[PDB]
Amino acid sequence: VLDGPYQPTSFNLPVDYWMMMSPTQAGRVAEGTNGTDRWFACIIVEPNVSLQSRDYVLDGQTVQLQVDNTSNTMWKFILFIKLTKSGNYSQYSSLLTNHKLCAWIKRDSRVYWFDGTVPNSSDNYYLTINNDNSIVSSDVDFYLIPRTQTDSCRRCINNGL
């Protein structure tokens, strides 16, 4: 039994809690920041998308990102990060899935993120945030799964609900 779903919102995501987001449409999914040197955001791209430029509102600004999805059946989350307040976002991670679920966690001064392609996704990607009070914003419904139950989260990522 899963703790959720919660409505889109901004809050101080408690540490050691997986935030598992469930978007329905292509576009921005969620963003978060530590305030100093990490502005992260994940977007989702529908199947079968040729290399193209799309506008997204990240950190309150319209930025233009070139995106891709070479899968014909799976949606693709992309994890973008910018390292300065006025810098550009670059792609650092992605998640391929037909369940349209992704998840990140504030743990051990990092943000961990589920990688790869289902049903073989795992919490392999991370970035250092060094801020347990980092604020996260979700545009879509999400669930909270404690760190001790990471495996459960993994199963949800790879098999759906």
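We number the residues from 1 along the sequence you see.
A.B. asks: Would you mind checking where the Cα B-factor of residue 99 ranks among the modelled residues of its chain, as the lowest, middle or highest third?
C.D. replies: Top third by C-alpha B-factor.
A.B. asks: Tell me, lowest, middle or highest third: where does the Cα B factor of residue 144 rank within its chain?
C.D. replies: As the PDB entry reports it, the C-alpha B-factor of residue 144 lands in the highest third of its chain.
A.B. asks: Split the chain's modelled residues into thirds by Cα B-factor; is residue 74 in the lowest, middle or highest one?
C.D. replies: Its C-alpha B-factor belongs to the highest third of this chain's values.
A.B. asks: When the deposited Cα B-factors of this chain's modelled residues are ordered and cut into thirds, is residue 13 in the lowest, the middle or the highest one?
C.D. replies: Top third by C-alpha B-factor.
A.B. asks: Thinking about Cα B factors across the chain, which third does residue 124 belong to?
C.D. replies: Its C-alpha B-factor belongs to the lowest third of this chain's values.
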